[PDB]
């Protein structure tokens, strides 16, 4: 089988080790019960993490056979930039978008840590994501995709485990009992692309961003917090974000880190979404992604000045589709690769230019300038009145056909046959 319901005694088990209580207690438990756990910690540039190096040490202290720190920032930022280039975001509300930051983190974490484990001769994976969420499924697909012989063991869904220790307090009393010493209004996941806040009090639709203490930006909704308007420039070269406020970077990680600081000072990008889980039930989250939002705005502004209507519609439609696949843990499936590759090659390749913005609070900003060697937009941009008259006349054929259709629809009752207005009246409950 793929999913082992019980602890594989004596077997080498890889654990995606975050360092929290859940994985610490599970690691200690798996060792105590006879398994040989190996710890793998992903450096994802978590904004509230200042000492990634201490994590593998705690894993060793708790029983890990070996513990490694895998740096995933470069790959994370590369995929985040690809998402920006593809507009691979689908959970939107009134124009505010969730930038699929956790989905991106799992795609890189799931593949890189499993590759690292297979490299160390480890073919069993364990991660603390619960059986009720999206993550459990994302890690599942990316892992089996990377290692065909990968088997999954999640002690948290093992009777023997859940039996004795099953709650937070249960795990804490367990650590104490094992000889080792050692709560918000919501849970937070984060990486350098963004932070998500969900569960607990955020489960209630009457809670709001007001109970959140943002970790990548300021509380822009608090009028007492001072936020000076700020001018910012964002420049792209062939789809690559290369300069912020005229400064370049040694690598994309440093660029994204700076994008985060700029948007962070304003709270740019924060949204509140009710979304659909992979298991077709809804969930609610409050999200942060200051740098992604900054790049996304500049990218789209350039896009509107550089590409034609049909190409921009493909960016939107293929982008939304890709966003859903990314969210489902299918970022590397053939249908996703095809959409991503096509958008990167034909849309992003031409995105060269610079956008100037004035940022104030949250999502309030203004566009101040747009420049590009590739613009198809031109001020006061060729044809005569007579050329237009002919073009207008060529429309008569189709207008006549449409007029006949309206007559036919009125006849069959879809449009009111009695409309002393001139405005066709569609016959449904709303009109």
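Numbering follows the first chain given and starts at 1.
Missing-residue comparison: residue 57 falls in the unmodelled set for none of the other PDB entries checked, so it is not missing from a third of them. Compared with other deposited structures of the same protein, residue 381 meets the criterion of being unmodelled in at least one third of those that resolve residues on both sides. A chain break between residue 381 and residue 382 is present, corresponding to 4 to 9 residues of the deposited sequence without coordinates. Missing coordinates between residue 182 and residue 183 amount to 4 to 9 residues of the deposited sequence. Relative to its counterpart among 369 to 377 and 56 to 64, 56 to 64 has the higher mean temperature factor, C-alpha atoms as listed in the PDB entry. Between 238 to 246 and 342 to 350, it is 238 to 246 that carries the larger average Cα temperature factor according to the deposited entry.
Within the group 277, 132, 200, 301, the record's highest C-alpha temperature factor is found at 132. Annotation for 50, 404, 398, 364: 50 ranks highest, by Cα B-factor. Per the deposited record, the Cα B-factor of residue 220 falls in the middle third when ranked against the other modelled residues of its chain. When the CA B factors of the chain's modelled residues are split into thirds, the value for residue 318 lands in the lowest one. Looking at the C-alpha B-factors along this chain, the one for residue 254 belongs to the middle third. When the modelled residues of the chain are ordered by their C-alpha B factor, residue 103 lands in the lowest third.
The deposited CA B-factor of residue 175 belongs to the highest third of values across its chain.
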